[PDB]
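In what follows, one protein chain appears twice in different forms, each by itself as C-alpha cells: structure 1 and structure 2.
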Structure 1
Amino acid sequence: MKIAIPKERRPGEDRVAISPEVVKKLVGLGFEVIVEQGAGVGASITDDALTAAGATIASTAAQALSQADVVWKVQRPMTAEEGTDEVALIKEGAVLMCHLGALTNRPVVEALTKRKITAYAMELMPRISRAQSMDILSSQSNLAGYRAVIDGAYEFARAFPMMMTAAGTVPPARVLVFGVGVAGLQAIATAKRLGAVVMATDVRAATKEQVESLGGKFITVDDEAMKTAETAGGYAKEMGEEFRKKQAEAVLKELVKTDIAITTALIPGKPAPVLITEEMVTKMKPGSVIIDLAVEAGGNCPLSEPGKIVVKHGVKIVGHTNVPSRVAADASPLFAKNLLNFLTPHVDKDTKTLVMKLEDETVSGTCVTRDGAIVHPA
C-alpha cells in the first residue's frame, strides 16, 4: 500500500495534490509516499520539505505511479489524444482520486475503466454538512472569491478605499456581487477589507442575512420567489425570463453607480444564468470592471471570453480560467486535505488495506468506476 502524487502537466495548472502536513499523516496510516520531482514548485512546495515530512521522491511521472497502489491528482489525467497518455502510466488496478471532471468528460472515464483502475470524483461530493472538510468546490471557490477582488483591483484604474486628503476626497469604489455562495461571500469580505461599499444579490433568501453580517447591503428582488428559490441540495434553480427582468430592473439602479461587478452565479447541470447583458454594460461607468467567475460554465455576462480580458463600452470584462490556480500555493494544501479527509475513514490500518465503505453516501456519490465497471447513476 504505497501512494504517489505526480506533477500537473496541464497548461496553467499549478496546483499539486500534496503537502508536507499530509504526507506525515499518510505515513501514519501506512503509506510509502512517493512524489514526482518538482511537483510542488507552482505551489511553493519544495522536494526537501516533502522528504522531511516523510516522502520518497520519484524522478519522473512513470516512476512515481509505476507501483503506486493509490494516486492523487488535482485535475483529470490527460488521455492519449490530449498528448501524453498519463492514464497508462498508472499501475493497473490502482485507485485514483481527483477532480476527474466526469459527466462532461467521458473519454477519460472509459480509459481508466479499461485498466481496472477504481476512480473517485470529488466534484460530486454530497451537499451534507459533515462532508465540508472533504469538499473541493468550497475550498477552491472560497479562494477564487478572494482572487476575484484582487483581479478587479488590479484591472481598475482607481483605489478601493475612501481617503480624505489635502488634494480632496478619494471616493470609495462601489462593488456589486452577483451570487453569494462560497465565492461571493469571500468577495464581499475581501472588498469590504479594502474599503469598498458593497452591494450584493442572490436568488436564495438566506443570503440576505449573510451579506449584512459582512456589512454589505442586499438588493431584494424577492418576487415572492426567493422563498422557493433554494432547493433541498442548497443550490439554485432556473428562475425564469420574467424574474430575470424583475431582477435586471432592480439591479440597474446600483449597477449604473457600480465600479466593480463580480458575478459568481452557477446552476448545476445547466448553463450559467445571465445577470449582466450587453445592454446593461452600456449603462455602466467607463473604467468599470466585471469579474465573471462563471465564465467556464457559459458566463454571467455574455461578453466574457475564457482566458481573456474583453474591453467593450469602456468596461473591462475579465474571465480568467481556473481562478483557484491563480492562488495555487494556498489552494493545493487545502485540496490535498480534502482528499485526505475523504480517504482516512475507510483505511483498515491493521493489515494496511483500503475498504471504501460503499454504504457511506460520501463513497457512493463519487465512485465513477470500480474494477472495470462504470457503476454510476449518470
Structure 2
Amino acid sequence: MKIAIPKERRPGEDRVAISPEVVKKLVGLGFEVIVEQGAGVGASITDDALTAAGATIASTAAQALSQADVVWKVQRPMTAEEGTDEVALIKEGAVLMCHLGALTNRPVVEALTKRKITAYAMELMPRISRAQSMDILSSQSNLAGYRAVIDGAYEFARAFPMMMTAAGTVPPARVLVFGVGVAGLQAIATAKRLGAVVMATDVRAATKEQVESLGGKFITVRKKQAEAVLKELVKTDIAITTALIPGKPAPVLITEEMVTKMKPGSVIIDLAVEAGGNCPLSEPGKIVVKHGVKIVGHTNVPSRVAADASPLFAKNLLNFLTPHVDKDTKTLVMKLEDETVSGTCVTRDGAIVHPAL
C-alpha cells in the first residue's frame, strides 16, 4: 500500500507531515512512502535523509499522490477555488489525514466528498488520555509557546536574565502571559529558564496550580482583575497572549489603551492574531510599532519551529494510523468503532459524516 506526503503549497507553511524516523516505521508497517521532492527542506529534512530512511522521492505533488492509498498533509488541501486544486490530485477513495480546518471549510469537504475520499480531520481528535499521542493541536501549540518567547526575546532590546556584573546589574525581563493553555505553559517554562520574572493569568483559575508549578506568578485580584492586569502590564516587558479557542474569534485582552500605558521598548507577541488577536493592534504577519511598543503578529508560529514541529506532527499521524494497519495483508483497516476514527472522520464514501459549517 502506498502513502504519500506532498510539499505544503500554502505560502508561509514550512512544516511537512513526515520525518525520517516515521518513514522507517511506515516502511516497517509495509507501506511504500512517497515524498514530493523539496517537501521537507523547510523543516531541514533533505530528500537524501528521507530516501535513506526508506522513502522514494517524487517530483511534483501530482506524481506523489497519483497512486497513494494514504495521503498525509499539514494544512488542508487547496481547491480549484483557491487556484491549484490539490483535492483532484488525491486518488478517488483514498485516505487523507491532515489538519482540515474541518470546522470552518465547506468547499474542501465538498471537494473531498465528490472524489469519495475518506478524510480524517486530525484537529478534531477526541480529548481522551489515550489519544494525546495523536493530538496535533497539542504538539504544535507546545512548540508555538516556546517560540513565542524566542521571538519575544529577539525583538526585545534588553536581556531576559538578571545579570550582576562588575559594571552593575542587568535586571531580569518581566514576562506576562495571557492564556495558560498548552502554549501558555511552554511560554512560561521558556521565559522562566531564560531568567525572566514570569506572571501568568487566565479566566480559568483551574490553571493557577500550573502557573505556580513552572515558577510563574498567577495574577490574582471579578472584573476589578482588569486593574490587576493593567498593574502588571504597566511594568511588563514582554506580554505573550495565547488566548486562541479553536472555533471562535479571540478575546480582546489588551486594548490600544492598555498599550499606550505600557513602556517603550516593550513587546507584545499575539499568538491569536489569526483569529482577530488578543490585542486589536496586532496585524497578521507583521510587527507594528505603536506607542513605542512592538506588536508581533507572526502567522504560522509552529512553522517558525518547522524542524521540530514536522517530526512531531508526523508522529501524531503515525500514532493515529498504526493501530489500523494489517501489514500481513498490507492494507489499511480503520476500525470504524475506534473513537479516534469516528470522531475525526469528516467525510467517507462520498458522504459528509460531521456537522459543523
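The term rigid core refers to the maximal set of C-alpha atoms that superpose within 1.5 Å between the two forms. Residue positions are counted from 1 along structure 1's sequence.
The only C-alpha among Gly307, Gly287, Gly195, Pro268 that moves by 2 Å or more between the two structures, given a superposition on the rigid core, is that of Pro268. Lined up on the core, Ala52 has its CA atom moved by 2.2 Å between the two structures. Here the rigid core is superposed, and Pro11 then shows its C-alpha moved by 0.6 angstrom between the two structures.
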